[PDB]
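Would you mind keeping the following structure in view while I ask a few things?
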Amino acid sequence: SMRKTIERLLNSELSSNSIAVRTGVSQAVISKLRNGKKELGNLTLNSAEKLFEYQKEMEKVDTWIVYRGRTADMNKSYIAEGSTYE
Amino acid sequence: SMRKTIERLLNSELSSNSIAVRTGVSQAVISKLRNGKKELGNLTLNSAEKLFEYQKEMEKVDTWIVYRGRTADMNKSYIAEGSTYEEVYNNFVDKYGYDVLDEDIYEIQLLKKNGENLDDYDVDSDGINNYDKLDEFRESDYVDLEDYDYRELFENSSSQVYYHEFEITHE
Amino acid sequence: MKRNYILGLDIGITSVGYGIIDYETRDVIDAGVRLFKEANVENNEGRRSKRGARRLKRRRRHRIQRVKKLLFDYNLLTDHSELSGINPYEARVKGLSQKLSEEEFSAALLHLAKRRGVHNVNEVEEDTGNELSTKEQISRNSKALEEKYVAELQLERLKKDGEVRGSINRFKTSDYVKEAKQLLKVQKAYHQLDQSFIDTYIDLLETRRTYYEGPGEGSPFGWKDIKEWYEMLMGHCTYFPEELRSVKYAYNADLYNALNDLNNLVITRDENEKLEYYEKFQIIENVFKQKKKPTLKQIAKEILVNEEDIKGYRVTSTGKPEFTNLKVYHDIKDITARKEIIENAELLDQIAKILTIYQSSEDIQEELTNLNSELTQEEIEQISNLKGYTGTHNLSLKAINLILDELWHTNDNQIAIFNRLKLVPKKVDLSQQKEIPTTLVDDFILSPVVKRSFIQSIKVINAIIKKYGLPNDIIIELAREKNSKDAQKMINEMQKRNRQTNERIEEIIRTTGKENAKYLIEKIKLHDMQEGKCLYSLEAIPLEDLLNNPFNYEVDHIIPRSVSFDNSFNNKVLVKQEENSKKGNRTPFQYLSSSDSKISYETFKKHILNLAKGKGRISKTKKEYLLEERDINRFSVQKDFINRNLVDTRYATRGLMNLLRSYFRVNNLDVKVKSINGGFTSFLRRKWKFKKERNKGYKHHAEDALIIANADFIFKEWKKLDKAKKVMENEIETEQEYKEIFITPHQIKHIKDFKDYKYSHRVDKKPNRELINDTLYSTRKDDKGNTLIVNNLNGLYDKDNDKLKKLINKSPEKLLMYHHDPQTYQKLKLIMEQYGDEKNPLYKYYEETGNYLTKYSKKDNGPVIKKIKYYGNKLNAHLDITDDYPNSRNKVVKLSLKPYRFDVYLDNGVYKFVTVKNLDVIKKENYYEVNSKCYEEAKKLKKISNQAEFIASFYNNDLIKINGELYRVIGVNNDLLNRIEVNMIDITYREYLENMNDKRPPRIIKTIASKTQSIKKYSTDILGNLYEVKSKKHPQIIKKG
RNA sequence: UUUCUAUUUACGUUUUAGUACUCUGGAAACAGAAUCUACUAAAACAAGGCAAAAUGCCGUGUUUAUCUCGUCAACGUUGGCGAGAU
DNA sequence: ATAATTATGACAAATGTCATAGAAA
DNA sequence: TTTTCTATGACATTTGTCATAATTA
């Protein structure tokens, strides 16, 4: 539960309720953290891990994907590549 | 504060009180986590970051290898220590000098590892005696020693350091 | 001539750099560095352990000789008699009964004598590498020797185990004496013996020199009797010459150390912060006489105040508070608690001295018995078994009483007591001496590295005084590292810390997604230490906000730098710009007391104390700086800060400072000498931006020294710190004023541009330095007529030693076994092939069969094989000692003749040299003289004519000039091939290779045999001037030594 | 701040000698051979230098530019002293 | 309308930071 | 002796969970 990454989620433009739904942590706790009524240090490791895991997914940018497709006989091969699966 | 690393410190042989003094956390909590009366998840990030920072240093274990070498009579003792065996050789040739180990041992091992025949270079008690040829071999890109053979460099010298005993500490 | 100048010293562990600065113009008259090979305790442990051996060998030989002479007297042993075939063990057992023939008897007596065994069981001084301690071994042997004498046990071991020698044959002298007298009582009934002979033989068998008798007559390391023994072991006290130094664990000196700690303690109370005579007596009595190990909590309870108010005490490495305890007094109370013993200072002192000097308990009990005290006989036996009293040289008792009296009455500390009393060393009269005397450095107890550095530094001072006149000011820095083993440990630890911080920084850069962390390392280090909490307002601080808006937070100093003189991260914090602006050049105490802060002082203290304990993020000094309630305006408090941060306090620097100050005061020379802390020069290096690199060679030890001298000039151009100078030699400003005072890089570019950095090295003419590496390798003769050294493979059965394997597969013909005994090679090979996978096939064989590799036998009764000998290499240089070993079929040689010096000759236009080896310098009394015959033989071996002109003679580190490139000789590599070894004068070659990233081998080796146009000799004085040396026309034969 | 000394034990590297080992001649007594591997005694264990039946004694550490003047000492060269120079 | 989001609680059950207890060596 | 070892708990405070009441486009 890196303090810096959890800090990025709390300072993100993502909604407190929206973060809460995905994290599973209460919107109340998220709001009181942004309010400062609560401190990140006093947070249970379980809750801290959930916030850290949720923030990790957003750092999936810069991906490059290649498609190798073989015809049923494994003989003729079709290959294409691009930034997003689209 | 990765749960796995804290789980590793809890599973360590270090005394609950020993970790507490170093981390600043209470022996009570560490002992209760180990007993299982307390869940690592329920711990605060503040206290867990402390236990995590402790493990970090232990996780990256740094081996310290201390060379104790006694002269044949067991009377005069030579001792050097360093991080990788290569460091042990480099300290022993600085503090106590090269002429303590057998003459020209570093060169002889390098030539042997590359695969050259030692006899051609006239290996002697003084060691490489055909300096002219050694210089040519050095010119060729030699294959360097692998930090597991500096031990061999120390244990193939009996001129003065007859009894050699290496102690390796991991922490 | 006469030029006012400031002198600066950088006294390292392997160098002493000196620098000269103009008093007026910040100029640089001369810089340099004296060098010397690192002193090591080991070498002296070498000479001493060996001396200790030669002596054991000499005493054994002398006892054998005396017994042989005695047996000639009674006609039992005669020159004609042959003692060759008699077996010692079988004869001792027979003679314990029956009769012994004249030979067998002689063999047995000579035999016991060769080996008497230990006397004081614990007297032994050795490591437990044998896995069986000496005391436990004697205990087991005695438990086995209840009804059997020594000979019986040894013979039984030889017949059953097959061995006698080893670590199992360590006995006690009493059993040997019993066996000797038992056999003699029987054998005297058949041969002509008298009780005088019996007593003489028993005496010779058990005689031994006690530790307080020393060597015999005529020894330089001896003493006439026991009073002289006290004098030698204790030594005359430097402070009062006629009085001898006392022991350290003695009660009075314990009281002195404890009172030092008690005086140092500061307690925040309505009374004075320093404790006064009456409550000091109360605390010392109660705490240090009722509890074995005093703690801070006990002090707080007895004075009934808060432990939170106690500051200024020594702390252990683990953070536990440390208080020196009256160990001897509690040890007394443990056994006996009567009043008559514990309140007698002289009795307790004498008890301590006896326990410390007399190692043997039997001597201790006797010495207390001779002391007419109130001790009872039963109590003396128990007190005699006390241990851990092992300090010999400590301040004299007469001076200890004087210091204790002043300590009791006043709240002062030792340093200022010494200044007030003006105690001056009196071992050597400073008035008569023309130059600072290097003798005084011997007395202070300093490690040999520091002693050598001090002697070299004093010689540098003498040379500079003789050359450029009297120095107006001297600044002395002793470097932090105690010895090299610490320089590496520290460098390794620092590297590890740097790596962990780099790991934090790189992870932060990725998580933030910004590169701001690259210049934000100082703040980000502070953030987690404060846990993102403004220490002045308690408000939580986001790490991301610090990267996004670095200007919203600033690195403020807890204490103003005009007094704190501390610029470490301990004195730095991350605070709100408004908090720093409101705080000013003041202390956090009065500011949190003031209404400007948005938090109360008590809550601040509570948060600081809990934070300090948690996560070890607040250092010990950090909370003291934060909670410094005492006003900085007080002169004593500013002085305390200067001493803790700017003035060195280690014993070594002080002793050198006191010696120099006493010398300058006695001669009435207006010379101010001052010291600088190790971190201050690092800070002043950092802020003047001189730290480009640390591998430019030795010129680093010079440059730092220059900066040191510059410090003096910046402590007199500004009156704001001028008073502080008067404090160091013996108002309050903001931090930007501090930057204005110290950062200013004007006339400091001179250190950057100066290039004439003279260097010098210490020539080592000492003769008898060492002769031949000791390992008496045997030799054999091969088919081709050469001679091969026979190295022996050892520890074959050990798990990690794979030598046998590698040799077997690569070259079997090298094991002597291959030809002299073939069958056994077949057994070894079959074993190596089957279990070849393991690193050590022999260990795996032992792990499955449980048998060592026995020699091949038809009956399978062969002995074990633990050493296999193998031909190794050919023989080139050797000190042939074969003459000592009689009738040797094969030669016996030693290797690596250590060269003493080499003399260069110019014959027929070509330069050759003859190596005067150390073996050719024979010693007659005081003088050391070069063996003429061996020198002539070596000269003729080099094909040198008798009219060859003599050029020079080079010892170690004498400067040589070959073909125009200067070098320093380390010693000749191979004489036959005419190769000498030189390392460059400025930077050690190993470093010269790294600054070019070259991979050439590390030792420059140059050849003088041919194509050598010039071989001149240059020499350099302790300062470092380079003067070409014109030597004498005959090589030196007699060195006074 | 922890150096400088002090006494002692067992080992240990080596040679010789002996007993086992290996081998050949050979029925072998033994004769040898080989000197390899284990024990066992004795001897040497920095080159050596004193000393003279002594609980004997020194030899791997500290201190070190070189040349010179004179002074003094050991003994001519080294000292040591001083005073210079390079 | 309406839904997602934003602020405060209540409460059972923990936690950090201090002890002590008894043991163990 | 005595001095750290685990274990257990006290207490003031804070959690996590599970609510509301409001809010705005």
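Just so you know, all these numbers are worked out from the coordinates, no wet-lab data involved. Here the Cβ positions follow ideal geometry from the backbone for every residue, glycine too, while neighbour counts run over all protein chains shown.
What is region C:522-577's relative contact order, in percent, from Cα pairs under 8 angstrom and six or more apart in sequence? Mind dumping the intermediate values first?
Numbers: 59 pairs, mean separation 22.6, N = 56.
Normalised by residue count, the contact order of region C:522-577 is 40 percent.
Helix B:85-95: angle to the longest alpha-carbon principal axis of chain B, degrees 0 to 90, nearest 10?
Taking the Cα atoms of chain B, the angle to B:85-95 is about 60 degrees.
Can you give me the Cα centroid spacing of region C:78-114 and region A:14-86 in angstrom?
Distance between centres, Cα-based: 93 Å.
Report, please, the projected area of region C:46-120 averaged over directions, based on the convex hull of its C-alpha atoms, in nm². Working shown, then result.
Details: hull surface 26.9 nm².
Approximately 6.7 nm², given one-decimal rounding.
On to the next question. To the nearest whole number, what is the average tally of beta carbon atoms from other chains within 10 Å of the beta carbons of peptide B:123-130?
Working: counts 4, 8, 14, 12, 4, 1, 5, 1.
Average per residue, whole number: 6.
Here's a follow-up. What Kirkwood hydrodynamic radius do you get for region C:457-605 when you take the inverse of the mean 1/r over all pairs of distinct Cα atoms, in Å?
The answer is 19.0 Å.
Output wanted: per-residue J couplings in Hz (rounded whole) for region C:50-57, from phi through Karplus 6.51 cos²θ - 1.76 cosθ + 1.60, θ = phi - 60°, x for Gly and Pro.
Result, ordered by residue: 5, 4, x, 6, 2, 5, 4, 4 Hz.
Now, a different point. Residues with amide H under 5 Å of C:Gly32's amide H, sequence separation 5 or more or different chain, H placed in the peptide plane at 1.01 Å from N; which?
Result for C:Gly32 returns C:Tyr18.
Okay, moving on. Round to a whole angstrom and tell me the spacing of the C-alpha centers of region C:529-544 and region C:173-199.
88 Å
Give me Rg/Rg_expected for chain B, where Rg uses Cα atoms only and Rg_expected = 2.2 N^0.38 Å with N residues.
Numbers: Rg = 24.3 Å, N = 171, 2.2 N^0.38 = 15.5 Å.
Rounded to two decimals, the normalised Rg is 1.57.
While we're on this one: Find the Rg to Rh ratio for region C:360-399, where Rh is the Kirkwood radius over alpha-carbon pairs and Rg uses the same atoms. All intermediate terms of the calculation are to be shown ahead of the outcome.
On the way: Rg = 12.4 Å, Rh = 11.8 Å.
Answer for region C:360-399: 1.06.
Report, to the nearest 10°, how far helix B:45-59 tilts away from the longest principal axis of the Cα atoms in chain B, using its own Cα long axis and a range of 0 to 90°.
Once rounded, the angle reads 20 degrees.
Per 5 Å bin, what is the whole-percent P(r) computed from every C-alpha pair distance within region C:7-46?
P(r) over region C:7-46, rounded to whole percents: 7, 20, 20, 15, 13, 10, 6, 5, 3, 2, 0.
Return the loop-located GluC sites (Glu not before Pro) in region C:178-264 (DSSP other than H, G, I, E, B) with at most 12 other Cβ atoms within 10 Å of their own Cβ; answer none if there are none. Write down the numbers at each step before the final one.
Details: sites: C:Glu179, C:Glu206, C:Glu213, C:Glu217, C:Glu228, C:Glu231, C:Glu242, C:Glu243; in loops: C:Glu213, C:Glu217, C:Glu242, C:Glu243.
When the GluC sites (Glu not before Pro) of region C:178-264 are filtered for loop state and at most 12 Cβ neighbours within 10 Å, C:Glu217, C:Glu242 remain.
Students often check this: by mean Cβ neighbours within 10 Å, which of C:931-938, C:361-368 ranks highest, and how do the rest follow? Provide the component values of the computation, followed by the final result.
On the way: C:931-938: 13.6, C:361-368: 17.5.
Averaged packing, sorted descending, gives the order C:361-368, C:931-938.
Take every residue in peptide A:44-53, count the Cβ atoms of other chains within 10 Å of its Cβ, and give the average of those counts.
Working: counts 8, 13, 6, 3, 8, 7, 0, 1, 3, 0.
For peptide A:44-53, the averaged partner shielding equals 5.
Using mean Cβ contacts within 10 Å as the protection proxy, how do C:409-415, B:160-166, B:19-25 order, highest first? Write out the running numbers ahead of the final one.
Details: C:409-415: 14.9, B:160-166: 18.6, B:19-25: 20.7.
Highest to lowest by the protection proxy: B:19-25, B:160-166, C:409-415.
Sticking with this one: Report D for region C:927-1041 in µm² per second (integer): Stokes-Einstein, Kirkwood Rh on Cα pairs, 4 °C, 1.567 mPa s.
Working: Rh = 16.2 Å.
My calculation gives 80 µm²/s for D.
Cα gyration tensor of region C:850-1005, axes a ≥ b ≥ c as square roots of the eigenvalues: rounded (a/c below 1.5), prolate (a/b > b/c) or oblate?
Judged from the Cα gyration tensor, region C:850-1005 comes out oblate (a/c at least 1.5, b/c at or above a/b).
While we're here: How many nm is it between the label spots at C:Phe569 and C:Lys496, if each spot is 7 Å from the Cα in line with the beta carbon?
Placing both labels 7 Å beyond Cα along the Cβ direction yields 1.6 nm.
Still on this structure, I have one more. Among the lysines in chain A, how many pairs, 8 or more places apart or on different chains, have alpha carbons under 24 Å apart?
Value for chain A: 12.
Return, ordered by residue number, the residues of region C:479-520 whose backbone nitrogen is under 16 Å from a label point located 7 Å along Cα→Cβ of B:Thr169.
Answer for region C:479-520: C:485-494.
Here's something else I'd like to know. Report the percentage of all Cα-Cα pairs in region B:16-84 whose separation exceeds 15 Å, rounded to a whole percent. Could the numbers behind the result be given before it?
Working: 1559 of 2346 pairs.
Counting every Cα pair in region B:16-84, those more than 15 Å apart make up 66 percent.
Under 5 Å between amide hydrogens, which residues at least 5 positions from C:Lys533 or on another chain qualify, with H placed 1.01 Å from N in the peptide plane?
Close amide H contacts, sequence-distant or interchain: C:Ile541.
Give me, ordered by chain and number, the residues 5 or more places off C:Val892 or on other chains with an amide H under 5 Å from its own placed amide H.
Placed amide hydrogens put C:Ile881, C:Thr882 under 5 Å from C:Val892.
Another question about this same structure. Which whole-Hz ³J(HN,Hα) couplings does region C:111-127 yield from phi under the Karplus relation 6.51 cos²θ - 1.76 cosθ + 1.60, θ = phi - 60°, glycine and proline marked x?
Karplus-based 3J(HN,Hα) across region C:111-127 equals 5, 5, 4, 4, 10, 6, x, 6, 10, 7, 4, 8, 4, 4, 10, 7, 7 Hz.
Additional query: What is the protein assembly as shown by shape, rounded, prolate or oblate, if you read a ≥ b ≥ c off the alpha carbon gyration tensor as root eigenvalues and call it rounded for a/c under 1.5, prolate for a/b larger than b/c, and oblate otherwise?
Here the protein assembly as shown falls in the rounded category.
What does the average come to when, for each residue of peptide B:72-78, you count the partner chain Cβ atoms lying within 10 Å of its Cβ?
6
Treating only the Cα positions of region C:939-996 as identical point scatterers, give the base-10 log of I(q)/I(0) from the Debye formula at each q in 0.12 Å⁻¹.
The Cα Debye sum returns log10 ratios of -0.39.
For region C:669-676, take each phi angle, set θ = phi - 60°, evaluate the Karplus expression 6.51 cos²θ - 1.76 cosθ + 1.60, and give the result in whole Hz per residue in order, putting x for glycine and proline.
Calculated HN-Hα couplings, in order: 9, 6, 10, 9, 10, 8, 10, 10 Hz.
Could you pull the Cα extents of chain C along its three principal axes, largest to smallest, in whole Å?
106, 89, 73
Also: Let me know the Rg and Dmax you get for region C:663-774 when you use only its Cα atoms, in Å.
In order Rg, Dmax, the Cα atoms of region C:663-774 give 19.6, 67 Å.
Here's something else I'd like to know. Quick one: Cα centre-to-centre distance for region C:609-639 and region C:856-930, in angstrom?
Here the two parts' Cα centres lie 65 Å apart.
Please give the peptides C:973-984, C:157-168 ranked by average Cβ packing (other Cβ atoms within 10 Å per residue), highest first, as a rough proxy for protection.
Details: C:973-984: 18.7, C:157-168: 11.8.
Per-residue Cβ counts within 10 Å, averaged per peptide and sorted highest first, yield C:973-984, C:157-168.
Can I ask one more? With a point put 7 Å past each Cα toward its Cβ, work out how far C:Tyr1027 is from C:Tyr519 in nm, to one decimal.
5.5 nm
Hey, rough spin-label estimate for C:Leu83 and C:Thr173, points 7 angstrom out along Cα→Cβ, what's it come to in nanometres?
2.1 nm
List the pairs from C:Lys280/C:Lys723; C:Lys248/C:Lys451; B:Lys113/C:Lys784; C:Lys806/C:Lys999; C:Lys869/C:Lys898 whose alpha-carbon separation is above 24 Å, in the order I gave them. Don't skip to the end; give the middle numbers.
Values: C:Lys280/C:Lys723 33 Å; C:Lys248/C:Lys451 21 Å; B:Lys113/C:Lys784 27 Å; C:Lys806/C:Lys999 29 Å; C:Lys869/C:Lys898 27 Å.
Pairs exceeding the cut-off: C:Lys280/C:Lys723; B:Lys113/C:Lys784; C:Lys806/C:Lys999; C:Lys869/C:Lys898.
A further question follows. Could you tell me which residue out of C:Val727, C:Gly785, C:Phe742 lies farthest along the dipole of region C:713-811 toward its positive end? Charges go on the beta carbon: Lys and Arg +1, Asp and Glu -1, centred on the Cα centre.
C:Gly785
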